[PDB]
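Printed here is entry.csv (CSV, N, CA, C and O atoms):
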```
chain,number,residue,atom,x,y,z
A,1,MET,N,-1.4,14.2,-12.5
A,1,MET,CA,-2.7,14.7,-12.5
A,1,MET,C,-3.0,15.5,-13.8
A,1,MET,O,-4.0,15.2,-14.5
A,2,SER,N,-2.2,16.5,-14.0
A,2,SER,CA,-2.3,17.4,-15.1
A,2,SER,C,-1.1,17.3,-16.1
A,2,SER,O,-1.3,16.8,-17.2
A,3,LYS,N,0.0,17.6,-15.5
A,3,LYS,CA,1.2,17.5,-16.3
A,3,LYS,C,1.4,16.2,-17.0
A,3,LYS,O,0.8,15.2,-16.5
A,4,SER,N,2.1,16.1,-18.1
A,4,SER,CA,2.3,14.9,-18.8
A,4,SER,C,3.4,14.1,-18.2
A,4,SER,O,4.4,13.8,-18.8
A,5,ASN,N,3.1,13.6,-16.9
A,5,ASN,CA,4.0,12.8,-16.2
A,5,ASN,C,3.3,12.2,-15.0
A,5,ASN,O,3.1,12.8,-14.0
A,6,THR,N,3.1,10.9,-15.2
A,6,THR,CA,2.4,10.1,-14.2
A,6,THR,C,3.3,9.0,-13.7
A,6,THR,O,4.2,8.5,-14.4
A,7,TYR,N,3.0,8.5,-12.5
A,7,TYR,CA,3.7,7.4,-11.9
A,7,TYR,C,2.8,6.2,-11.5
A,7,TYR,O,1.6,6.2,-11.8
A,8,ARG,N,3.4,5.3,-10.8
A,8,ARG,CA,2.6,4.1,-10.4
A,8,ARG,C,3.0,3.7,-8.9
A,8,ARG,O,4.2,4.0,-8.5
A,9,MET,N,2.1,3.1,-8.2
A,9,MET,CA,2.3,2.7,-6.9
A,9,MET,C,2.1,1.2,-6.7
A,9,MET,O,1.1,0.7,-7.2
A,10,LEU,N,3.0,0.6,-6.0
A,10,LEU,CA,2.9,-0.9,-5.7
A,10,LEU,C,2.5,-1.1,-4.3
A,10,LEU,O,3.2,-0.5,-3.4
A,11,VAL,N,1.5,-1.9,-4.0
A,11,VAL,CA,1.1,-2.2,-2.7
A,11,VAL,C,1.6,-3.6,-2.3
A,11,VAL,O,1.3,-4.6,-3.1
A,12,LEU,N,2.3,-3.7,-1.2
A,12,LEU,CA,2.8,-5.0,-0.7
A,12,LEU,C,2.1,-5.4,0.6
A,12,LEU,O,2.0,-4.6,1.5
A,13,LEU,N,1.6,-6.6,0.6
A,13,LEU,CA,0.9,-7.1,1.8
A,13,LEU,C,1.4,-8.5,2.2
A,13,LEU,O,1.6,-9.3,1.3
A,14,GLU,N,1.6,-8.7,3.5
A,14,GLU,CA,2.1,-10.0,3.9
A,14,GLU,C,0.9,-10.9,4.2
A,14,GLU,O,0.0,-10.6,5.0
A,15,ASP,N,1.0,-12.1,3.6
A,15,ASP,CA,-0.1,-13.1,3.7
A,15,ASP,C,0.5,-14.3,4.4
A,15,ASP,O,1.5,-14.9,3.9
A,16,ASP,N,-0.1,-14.7,5.5
A,16,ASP,CA,0.3,-15.9,6.3
A,16,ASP,C,-0.4,-17.1,5.7
A,16,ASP,O,-1.6,-17.1,5.4
A,17,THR,N,0.4,-18.2,5.6
A,17,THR,CA,-0.1,-19.5,5.1
A,17,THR,C,-0.3,-20.5,6.3
A,17,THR,O,0.6,-21.3,6.5
A,18,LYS,N,-1.4,-20.4,6.9
A,18,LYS,CA,-1.7,-21.3,8.0
A,18,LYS,C,-2.0,-22.7,7.5
A,18,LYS,O,-3.1,-23.0,7.2
A,19,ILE,N,-0.9,-23.5,7.4
A,19,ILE,CA,-1.1,-24.9,6.9
A,19,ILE,C,-1.2,-25.8,8.1
A,19,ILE,O,-0.5,-25.7,9.1
A,20,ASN,N,-2.0,-26.8,7.9
A,20,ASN,CA,-2.2,-27.8,9.0
A,20,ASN,C,-0.9,-28.6,9.2
A,20,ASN,O,0.1,-28.1,8.8
A,21,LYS,N,-1.1,-29.8,9.8
A,21,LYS,CA,0.1,-30.6,10.0
A,21,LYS,C,0.7,-31.1,8.7
A,21,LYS,O,1.7,-31.7,8.7
A,22,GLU,N,-0.1,-30.8,7.6
A,22,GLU,CA,0.4,-31.2,6.3
A,22,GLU,C,1.7,-30.6,6.0
A,22,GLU,O,2.4,-31.0,5.1
A,23,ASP,N,2.1,-29.6,6.8
A,23,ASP,CA,3.3,-28.9,6.6
A,23,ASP,C,3.9,-28.5,8.0
A,23,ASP,O,4.9,-29.1,8.4
A,24,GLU,N,3.2,-27.5,8.6
A,24,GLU,CA,3.7,-27.0,9.9
A,24,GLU,C,2.5,-26.3,10.5
A,24,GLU,O,2.3,-25.1,10.2
A,25,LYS,N,1.8,-26.9,11.5
A,25,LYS,CA,0.7,-26.3,12.2
A,25,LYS,C,1.2,-25.9,13.5
A,25,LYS,O,0.4,-25.3,14.3
A,26,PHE,N,2.4,-26.2,13.8
A,26,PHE,CA,3.0,-25.8,15.1
A,26,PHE,C,3.7,-24.4,15.0
A,26,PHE,O,3.8,-23.7,16.0
A,27,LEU,N,4.2,-24.1,13.8
A,27,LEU,CA,4.9,-22.9,13.6
A,27,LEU,C,3.9,-21.8,13.2
A,27,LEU,O,2.9,-22.1,12.6
A,28,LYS,N,4.2,-20.6,13.6
A,28,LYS,CA,3.3,-19.5,13.3
A,28,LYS,C,3.2,-19.3,11.8
A,28,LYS,O,3.8,-18.3,11.3
A,29,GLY,N,2.5,-20.2,11.1
A,29,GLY,CA,2.4,-20.1,9.7
A,29,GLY,C,3.2,-19.0,9.1
A,29,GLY,O,2.8,-17.8,9.1
A,30,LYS,N,4.4,-19.4,8.6
A,30,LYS,CA,5.3,-18.4,8.0
A,30,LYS,C,5.3,-18.5,6.5
A,30,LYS,O,5.6,-19.6,6.0
A,31,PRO,N,4.9,-17.4,5.8
A,31,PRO,CA,4.9,-17.4,4.4
A,31,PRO,C,6.3,-17.4,3.8
A,31,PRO,O,7.2,-16.7,4.3
A,32,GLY,N,6.4,-18.1,2.6
A,32,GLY,CA,7.7,-18.1,2.0
A,32,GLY,C,8.3,-16.7,1.8
A,32,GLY,O,9.3,-16.4,2.4
A,33,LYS,N,7.7,-15.9,1.0
A,33,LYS,CA,8.1,-14.5,0.8
A,33,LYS,C,7.1,-13.6,1.4
A,33,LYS,O,5.9,-13.7,1.1
A,34,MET,N,7.5,-12.5,2.0
A,34,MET,CA,6.7,-11.5,2.6
A,34,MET,C,7.0,-10.1,2.0
A,34,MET,O,8.1,-9.9,1.5
A,35,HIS,N,6.1,-9.2,2.2
A,35,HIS,CA,6.2,-7.9,1.7
A,35,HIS,C,6.6,-7.9,0.2
A,35,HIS,O,7.6,-7.5,-0.2
A,36,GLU,N,5.6,-8.3,-0.6
A,36,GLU,CA,5.7,-8.4,-2.0
A,36,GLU,C,4.6,-7.6,-2.7
A,36,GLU,O,3.5,-7.6,-2.2
A,37,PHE,N,5.0,-7.0,-3.8
A,37,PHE,CA,4.0,-6.3,-4.6
A,37,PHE,C,2.8,-7.1,-5.1
A,37,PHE,O,3.0,-8.2,-5.6
A,38,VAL,N,1.6,-6.6,-4.9
A,38,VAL,CA,0.4,-7.3,-5.2
A,38,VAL,C,-0.1,-6.8,-6.6
A,38,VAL,O,-0.5,-7.6,-7.4
A,39,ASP,N,0.1,-5.5,-6.8
A,39,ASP,CA,-0.4,-4.8,-8.0
A,39,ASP,C,0.1,-3.4,-8.0
A,39,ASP,O,0.5,-2.8,-7.0
A,40,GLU,N,0.1,-2.8,-9.2
A,40,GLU,CA,0.6,-1.5,-9.4
A,40,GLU,C,-0.6,-0.6,-10.0
A,40,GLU,O,-1.3,-1.0,-10.9
A,41,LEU,N,-0.7,0.6,-9.4
A,41,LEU,CA,-1.7,1.5,-9.9
A,41,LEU,C,-1.1,2.9,-10.2
A,41,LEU,O,-0.1,3.3,-9.5
A,42,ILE,N,-1.6,3.5,-11.2
A,42,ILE,CA,-1.1,4.8,-11.6
A,42,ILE,C,-1.8,5.9,-10.8
A,42,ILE,O,-3.1,6.1,-10.9
A,43,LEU,N,-1.0,6.7,-10.0
A,43,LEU,CA,-1.6,7.8,-9.2
A,43,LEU,C,-1.3,9.1,-9.9
A,43,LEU,O,-0.4,9.3,-10.7
A,44,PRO,N,-2.3,10.1,-9.7
A,44,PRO,CA,-2.2,11.4,-10.3
A,44,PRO,C,-1.1,12.2,-9.6
A,44,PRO,O,-1.3,13.4,-9.3
A,45,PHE,N,0.1,11.6,-9.4
A,45,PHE,CA,1.2,12.2,-8.7
A,45,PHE,C,2.1,12.8,-9.8
A,45,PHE,O,2.6,12.1,-10.7
A,46,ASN,N,2.5,14.1,-9.6
A,46,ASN,CA,3.4,14.7,-10.5
A,46,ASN,C,4.6,15.1,-9.8
A,46,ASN,O,4.6,15.2,-8.6
A,47,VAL,N,5.7,15.4,-10.6
A,47,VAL,CA,6.9,15.8,-10.0
A,47,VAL,C,6.8,17.3,-9.5
A,47,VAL,O,7.6,17.7,-8.6
A,48,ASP,N,5.9,18.0,-10.1
A,48,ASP,CA,5.7,19.4,-9.8
A,48,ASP,C,4.4,19.5,-9.0
A,48,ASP,O,3.6,20.5,-9.2
A,49,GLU,N,4.1,18.6,-8.1
A,49,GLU,CA,2.9,18.6,-7.3
A,49,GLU,C,3.2,17.9,-5.9
A,49,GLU,O,2.3,17.2,-5.4
A,50,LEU,N,4.4,18.1,-5.4
A,50,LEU,CA,4.8,17.5,-4.2
A,50,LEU,C,4.0,18.2,-3.0
A,50,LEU,O,3.5,17.5,-2.1
A,51,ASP,N,3.9,19.5,-3.1
A,51,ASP,CA,3.2,20.3,-2.1
A,51,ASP,C,1.7,19.9,-2.1
A,51,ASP,O,1.1,19.6,-1.1
A,52,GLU,N,1.1,19.8,-3.3
A,52,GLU,CA,-0.2,19.4,-3.5
A,52,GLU,C,-0.4,18.0,-3.2
A,52,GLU,O,-1.5,17.5,-2.7
A,53,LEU,N,0.6,17.2,-3.6
A,53,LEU,CA,0.6,15.8,-3.3
A,53,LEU,C,0.7,15.5,-1.8
A,53,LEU,O,0.0,14.6,-1.3
A,54,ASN,N,1.5,16.3,-1.2
A,54,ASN,CA,1.7,16.1,0.2
A,54,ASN,C,0.5,16.5,1.0
A,54,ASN,O,0.1,15.9,2.0
A,55,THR,N,-0.1,17.6,0.5
A,55,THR,CA,-1.3,18.1,1.1
A,55,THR,C,-2.5,17.1,1.0
A,55,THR,O,-3.2,16.9,1.9
A,56,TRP,N,-2.6,16.6,-0.3
A,56,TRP,CA,-3.7,15.7,-0.5
A,56,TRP,C,-3.3,14.4,0.2
A,56,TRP,O,-4.2,13.8,0.9
A,57,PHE,N,-2.1,13.9,0.0
A,57,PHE,CA,-1.7,12.7,0.6
A,57,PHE,C,-1.8,12.8,2.2
A,57,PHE,O,-2.1,11.8,2.8
A,58,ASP,N,-1.5,14.0,2.7
A,58,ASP,CA,-1.6,14.2,4.1
A,58,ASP,C,-3.0,14.0,4.6
A,58,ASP,O,-3.3,13.4,5.6
A,59,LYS,N,-4.0,14.6,3.8
A,59,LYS,CA,-5.4,14.5,4.1
A,59,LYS,C,-5.8,13.0,3.9
A,59,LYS,O,-6.5,12.5,4.8
A,60,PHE,N,-5.5,12.5,2.7
A,60,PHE,CA,-5.9,11.1,2.4
A,60,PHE,C,-5.2,10.1,3.4
A,60,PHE,O,-5.8,9.1,3.7
A,61,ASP,N,-4.0,10.5,3.9
A,61,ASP,CA,-3.3,9.6,4.8
A,61,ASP,C,-4.2,9.4,6.0
A,61,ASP,O,-4.2,8.3,6.6
A,62,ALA,N,-4.9,10.5,6.5
A,62,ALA,CA,-5.7,10.4,7.6
A,62,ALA,C,-7.0,9.7,7.2
A,62,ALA,O,-7.5,8.9,8.0
A,63,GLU,N,-7.6,10.1,6.1
A,63,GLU,CA,-8.8,9.5,5.6
A,63,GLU,C,-8.6,8.0,5.4
A,63,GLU,O,-9.6,7.2,5.6
A,64,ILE,N,-7.4,7.6,5.0
A,64,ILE,CA,-7.1,6.2,4.8
A,64,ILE,C,-6.7,5.6,6.1
A,64,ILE,O,-6.8,4.4,6.3
A,65,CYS,N,-6.1,6.4,7.0
A,65,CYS,CA,-5.6,5.9,8.2
A,65,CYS,C,-6.8,5.8,9.2
A,65,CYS,O,-6.8,4.9,10.1
A,66,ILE,N,-7.8,6.6,9.0
A,66,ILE,CA,-9.0,6.6,9.8
A,66,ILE,C,-9.6,5.2,9.8
A,66,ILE,O,-9.8,4.6,10.8
A,67,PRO,N,-9.8,4.7,8.5
A,67,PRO,CA,-10.3,3.3,8.3
A,67,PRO,C,-9.3,2.2,8.6
A,67,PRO,O,-9.6,1.1,8.5
A,68,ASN,N,-8.1,2.7,9.0
A,68,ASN,CA,-7.0,1.8,9.3
A,68,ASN,C,-6.9,1.6,10.9
A,68,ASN,O,-7.2,2.6,11.6
A,69,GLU,N,-6.6,0.4,11.3
A,69,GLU,CA,-6.5,0.1,12.7
A,69,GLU,C,-5.1,-0.5,13.0
A,69,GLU,O,-5.1,-1.7,13.4
A,70,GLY,N,-4.1,0.2,12.7
A,70,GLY,CA,-2.7,-0.3,12.9
A,70,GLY,C,-1.7,0.7,12.4
A,70,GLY,O,-2.0,1.9,12.2
A,71,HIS,N,-0.5,0.2,12.1
A,71,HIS,CA,0.6,1.0,11.6
A,71,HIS,C,0.7,0.8,10.1
A,71,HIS,O,0.4,-0.3,9.6
A,72,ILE,N,1.2,1.8,9.4
A,72,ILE,CA,1.3,1.8,8.0
A,72,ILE,C,2.6,2.4,7.6
A,72,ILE,O,3.0,3.5,8.1
A,73,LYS,N,3.3,1.8,6.6
A,73,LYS,CA,4.5,2.4,6.1
A,73,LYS,C,4.4,2.6,4.6
A,73,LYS,O,3.9,1.8,3.9
A,74,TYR,N,5.0,3.8,4.2
A,74,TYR,CA,4.9,4.2,2.8
A,74,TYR,C,6.3,4.8,2.4
A,74,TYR,O,7.0,5.3,3.2
A,75,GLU,N,6.5,4.7,1.1
A,75,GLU,CA,7.8,5.2,0.5
A,75,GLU,C,7.5,6.0,-0.8
A,75,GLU,O,7.0,5.4,-1.8
A,76,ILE,N,7.8,7.3,-0.8
A,76,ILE,CA,7.6,8.1,-1.9
A,76,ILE,C,8.9,8.7,-2.4
A,76,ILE,O,9.5,9.5,-1.7
A,77,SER,N,9.4,8.2,-3.5
A,77,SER,CA,10.7,8.7,-4.1
A,77,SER,C,10.4,9.8,-5.1
A,77,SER,O,9.7,9.5,-6.1
A,78,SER,N,10.9,11.0,-4.9
A,78,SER,CA,10.8,12.1,-5.8
A,78,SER,C,11.1,11.7,-7.2
A,78,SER,O,10.6,12.2,-8.2
A,79,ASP,N,12.0,10.7,-7.3
A,79,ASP,CA,12.4,10.2,-8.6
A,79,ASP,C,11.2,9.7,-9.4
A,79,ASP,O,11.3,9.6,-10.6
A,80,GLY,N,10.1,9.5,-8.7
A,80,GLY,CA,8.9,9.0,-9.3
A,80,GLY,C,8.6,7.6,-9.0
A,80,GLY,O,8.2,6.8,-9.8
A,81,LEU,N,8.8,7.2,-7.7
A,81,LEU,CA,8.6,5.9,-7.2
A,81,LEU,C,7.8,5.9,-5.9
A,81,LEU,O,8.3,6.4,-4.9
A,82,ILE,N,6.6,5.3,-6.0
A,82,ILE,CA,5.8,5.3,-4.8
A,82,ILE,C,5.4,3.8,-4.4
A,82,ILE,O,5.0,3.1,-5.3
A,83,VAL,N,5.6,3.5,-3.2
A,83,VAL,CA,5.4,2.2,-2.7
A,83,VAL,C,4.5,2.2,-1.4
A,83,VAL,O,4.8,3.1,-0.6
A,84,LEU,N,3.6,1.3,-1.3
A,84,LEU,CA,2.7,1.2,-0.2
A,84,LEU,C,3.0,-0.1,0.6
A,84,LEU,O,2.8,-1.2,0.0
A,85,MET,N,3.3,0.0,1.8
A,85,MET,CA,3.5,-1.2,2.7
A,85,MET,C,2.5,-1.3,3.8
A,85,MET,O,2.4,-0.4,4.6
A,86,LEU,N,1.7,-2.4,3.7
A,86,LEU,CA,0.7,-2.6,4.7
A,86,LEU,C,0.8,-4.0,5.3
A,86,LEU,O,1.0,-5.0,4.5
A,87,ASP,N,0.7,-4.1,6.6
A,87,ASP,CA,0.8,-5.4,7.3
A,87,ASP,C,-0.5,-6.2,7.0
A,87,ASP,O,-1.4,-5.7,6.5
A,88,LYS,N,-0.4,-7.5,7.4
A,88,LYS,CA,-1.5,-8.4,7.3
A,88,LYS,C,-2.6,-8.0,8.3
A,88,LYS,O,-3.8,-8.0,7.9
A,89,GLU,N,-2.2,-7.6,9.5
A,89,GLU,CA,-3.1,-7.2,10.5
A,89,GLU,C,-3.9,-5.9,10.1
A,89,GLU,O,-4.9,-5.6,10.7
A,90,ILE,N,-3.4,-5.3,9.0
A,90,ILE,CA,-4.1,-4.1,8.5
A,90,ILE,C,-4.4,-4.3,7.0
A,90,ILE,O,-4.4,-3.4,6.2
A,91,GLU,N,-4.6,-5.6,6.6
A,91,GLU,CA,-4.9,-5.9,5.2
A,91,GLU,C,-6.1,-5.1,4.7
A,91,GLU,O,-6.2,-4.9,3.5
A,92,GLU,N,-6.9,-4.6,5.7
A,92,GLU,CA,-8.1,-3.8,5.3
A,92,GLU,C,-7.6,-2.6,4.5
A,92,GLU,O,-8.2,-2.3,3.5
A,93,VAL,N,-6.6,-1.9,5.1
A,93,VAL,CA,-6.1,-0.7,4.4
A,93,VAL,C,-5.6,-1.1,3.0
A,93,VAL,O,-5.7,-0.3,2.1
A,94,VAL,N,-5.1,-2.3,2.9
A,94,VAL,CA,-4.6,-2.8,1.6
A,94,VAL,C,-5.7,-2.6,0.5
A,94,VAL,O,-5.4,-2.1,-0.5
A,95,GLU,N,-6.9,-3.1,0.9
A,95,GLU,CA,-8.0,-3.0,-0.1
A,95,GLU,C,-8.5,-1.6,-0.2
A,95,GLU,O,-8.9,-1.1,-1.2
A,96,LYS,N,-8.4,-0.9,1.0
A,96,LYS,CA,-8.8,0.5,1.0
A,96,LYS,C,-7.8,1.4,0.2
A,96,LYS,O,-8.2,2.4,-0.3
A,97,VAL,N,-6.6,0.9,0.2
A,97,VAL,CA,-5.6,1.6,-0.6
A,97,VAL,C,-5.7,1.4,-2.1
A,97,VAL,O,-5.7,2.4,-2.8
A,98,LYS,N,-6.0,0.2,-2.4
A,98,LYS,CA,-6.2,-0.2,-3.8
A,98,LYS,C,-7.3,0.6,-4.4
A,98,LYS,O,-7.3,1.2,-5.5
A,99,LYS,N,-8.4,0.6,-3.6
A,99,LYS,CA,-9.6,1.3,-4.0
A,99,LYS,C,-9.4,2.8,-4.0
A,99,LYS,O,-9.9,3.6,-4.9
A,100,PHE,N,-8.6,3.2,-3.0
A,100,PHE,CA,-8.2,4.6,-2.9
A,100,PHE,C,-7.4,5.1,-4.1
A,100,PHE,O,-7.7,6.1,-4.7
A,101,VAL,N,-6.3,4.4,-4.4
A,101,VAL,CA,-5.4,4.7,-5.5
A,101,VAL,C,-6.3,4.7,-6.8
A,101,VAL,O,-6.2,5.7,-7.5
A,102,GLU,N,-7.0,3.7,-7.0
A,102,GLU,CA,-7.8,3.5,-8.2
A,102,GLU,C,-8.9,4.5,-8.2
A,102,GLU,O,-9.5,4.9,-9.2
A,103,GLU,N,-9.3,5.0,-6.9
A,103,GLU,CA,-10.4,5.9,-6.8
A,103,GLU,C,-9.9,7.3,-7.3
A,103,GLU,O,-10.7,8.0,-7.9
A,104,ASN,N,-8.7,7.6,-7.0
A,104,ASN,CA,-8.1,8.9,-7.4
A,104,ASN,C,-7.8,8.8,-8.9
A,104,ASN,O,-7.8,9.8,-9.6
A,105,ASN,N,-7.3,7.7,-9.3
A,105,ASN,CA,-7.0,7.4,-10.7
A,105,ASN,C,-7.9,8.2,-11.6
A,105,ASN,O,-7.6,9.2,-12.3
```
With the file now loaded, output its structure as structure tokens.
Amino acid sequence: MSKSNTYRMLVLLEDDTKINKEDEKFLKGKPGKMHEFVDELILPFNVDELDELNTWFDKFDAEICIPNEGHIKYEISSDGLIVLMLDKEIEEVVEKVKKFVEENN
């Protein structure tokens, strides 16, 4: 945010490939690879802003969870690695997260 040290966050979303009989319309459309990074965004997260980041993230977590209708998993490594995991059933948050991250950017 201020300090000369910024990081990036990758959002992974599972996309199902409902293919007709052309492949498998009987199986619950299973995508080749799931939980993969879609894009990375630089967040105003600093190593000396965990408290502020946790406070903001805590608030944003609800603000982002509010518009969310399901479960959400996230991983924040003090090392400076942030990852966002959203299910397909909650793909909405995925877009809300992208806009959110880029919104804070």
Let's see if you can do this: from backbone DSSP, list all alpha helix (DSSP H) residues in chain A, as a ChimeraX atom specification. /A:50-65,91-104
Taking all atoms of region 39-57 of chain A that appear in the file, build a box with edges along x, y and z, extend it by 6 Å on every side, and state its centre and edge lengths in Å to one decimal, as JSON.
```
{"center_x": 1.7, "center_y": 7.5, "center_z": -4.4, "size_x": 23.8, "size_y": 38.0, "size_z": 26.4}
```
Going by DSSP on the backbone, which residues of chain A come out as strand (DSSP E)? List them as a ChimeraX atom specification. /A:7-13,37-43,72-77,81-86
Identify, on the basis of all atoms listed in the file, every residue whose closest approach to residue 86 (chain A) does not exceed 8 Å; exclude the query and any residue fewer than 4 positions from it along the same chain; express the result as a ChimeraX atom specification. /A:10-15,35-36,71-74,90-94
For N, CA, C and O atoms, I'd like the residues from the last selection saved as a JSON list (two decimals), in the coordinates of the input.
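Saved to selection-v9.json:
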```json
[["chain", "number", "residue", "atom", "x", "y", "z"],
["A", 10, "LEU", "N", 3.00, 0.60, -6.00],
["A", 10, "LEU", "CA", 2.90, -0.90, -5.70],
["A", 10, "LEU", "C", 2.50, -1.10, -4.30],
["A", 10, "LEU", "O", 3.20, -0.50, -3.40],
["A", 11, "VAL", "N", 1.50, -1.90, -4.00],
["A", 11, "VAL", "CA", 1.10, -2.20, -2.70],
["A", 11, "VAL", "C", 1.60, -3.60, -2.30],
["A", 11, "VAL", "O", 1.30, -4.60, -3.10],
["A", 12, "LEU", "N", 2.30, -3.70, -1.20],
["A", 12, "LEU", "CA", 2.80, -5.00, -0.70],
["A", 12, "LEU", "C", 2.10, -5.40, 0.60],
["A", 12, "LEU", "O", 2.00, -4.60, 1.50],
["A", 13, "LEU", "N", 1.60, -6.60, 0.60],
["A", 13, "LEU", "CA", 0.90, -7.10, 1.80],
["A", 13, "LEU", "C", 1.40, -8.50, 2.20],
["A", 13, "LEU", "O", 1.60, -9.30, 1.30],
["A", 14, "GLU", "N", 1.60, -8.70, 3.50],
["A", 14, "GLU", "CA", 2.10, -10.00, 3.90],
["A", 14, "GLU", "C", 0.90, -10.90, 4.20],
["A", 14, "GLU", "O", 0.00, -10.60, 5.00],
["A", 15, "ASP", "N", 1.00, -12.10, 3.60],
["A", 15, "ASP", "CA", -0.10, -13.10, 3.70],
["A", 15, "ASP", "C", 0.50, -14.30, 4.40],
["A", 15, "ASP", "O", 1.50, -14.90, 3.90],
["A", 35, "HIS", "N", 6.10, -9.20, 2.20],
["A", 35, "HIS", "CA", 6.20, -7.90, 1.70],
["A", 35, "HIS", "C", 6.60, -7.90, 0.20],
["A", 35, "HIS", "O", 7.60, -7.50, -0.20],
["A", 36, "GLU", "N", 5.60, -8.30, -0.60],
["A", 36, "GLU", "CA", 5.70, -8.40, -2.00],
["A", 36, "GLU", "C", 4.60, -7.60, -2.70],
["A", 36, "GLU", "O", 3.50, -7.60, -2.20],
["A", 71, "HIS", "N", -0.50, 0.20, 12.10],
["A", 71, "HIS", "CA", 0.60, 1.00, 11.60],
["A", 71, "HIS", "C", 0.70, 0.80, 10.10],
["A", 71, "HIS", "O", 0.40, -0.30, 9.60],
["A", 72, "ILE", "N", 1.20, 1.80, 9.40],
["A", 72, "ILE", "CA", 1.30, 1.80, 8.00],
["A", 72, "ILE", "C", 2.60, 2.40, 7.60],
["A", 72, "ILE", "O", 3.00, 3.50, 8.10],
["A", 73, "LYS", "N", 3.30, 1.80, 6.60],
["A", 73, "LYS", "CA", 4.50, 2.40, 6.10],
["A", 73, "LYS", "C", 4.40, 2.60, 4.60],
["A", 73, "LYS", "O", 3.90, 1.80, 3.90],
["A", 74, "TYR", "N", 5.00, 3.80, 4.20],
["A", 74, "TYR", "CA", 4.90, 4.20, 2.80],
["A", 74, "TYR", "C", 6.30, 4.80, 2.40],
["A", 74, "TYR", "O", 7.00, 5.30, 3.20],
["A", 90, "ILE", "N", -3.40, -5.30, 9.00],
["A", 90, "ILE", "CA", -4.10, -4.10, 8.50],
["A", 90, "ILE", "C", -4.40, -4.30, 7.00],
["A", 90, "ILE", "O", -4.40, -3.40, 6.20],
["A", 91, "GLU", "N", -4.60, -5.60, 6.60],
["A", 91, "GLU", "CA", -4.90, -5.90, 5.20],
["A", 91, "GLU", "C", -6.10, -5.10, 4.70],
["A", 91, "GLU", "O", -6.20, -4.90, 3.50],
["A", 92, "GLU", "N", -6.90, -4.60, 5.70],
["A", 92, "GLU", "CA", -8.10, -3.80, 5.30],
["A", 92, "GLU", "C", -7.60, -2.60, 4.50],
["A", 92, "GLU", "O", -8.20, -2.30, 3.50],
["A", 93, "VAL", "N", -6.60, -1.90, 5.10],
["A", 93, "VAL", "CA", -6.10, -0.70, 4.40],
["A", 93, "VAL", "C", -5.60, -1.10, 3.00],
["A", 93, "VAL", "O", -5.70, -0.30, 2.10],
["A", 94, "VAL", "N", -5.10, -2.30, 2.90],
["A", 94, "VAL", "CA", -4.60, -2.80, 1.60],
["A", 94, "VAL", "C", -5.70, -2.60, 0.50],
["A", 94, "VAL", "O", -5.40, -2.10, -0.50]]
```
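The smallest atom-to-atom distance between residue 38 (chain A) and any of A:9, A:67, A:78, A:16, using only C-alpha atoms, is found for A:9.
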Nearest to residue 7 (chain A) by atom-to-atom distance, counting only C-alpha atoms, from A:85, A:42, A:96, A:61: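 Under the stated criterion, the closest residue is A:42.
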Give me, as a VMD selection string, all polymer residues having an atom no more than 8 Å from residue 18 (chain A), counting only C-alpha atoms and skipping those fewer than 5 positions away in the same chain. chain A and resid 25 28 to 30
Can you work out the spacing between atom O of residue 53 (chain A) and CA of residue 69 (chain A) in Å, to one decimal?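 Going from atom O of residue 53 (chain A) over to CA of residue 69 (chain A) covers 21.2 Å.
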To one decimal place, how far is atom N of residue 47 (chain A) from CA of residue 68 (chain A) in Å? 27.2 Å
How many Å lie between atom C of residue 46 (chain A) and atom C of residue 5 (chain A), rounded to one decimal? 6.1 Å
Would you please work out which residue, of A:8, A:32, A:44, A:39, is nearest to residue 105 (chain A) when using all atoms listed in the file? A:44
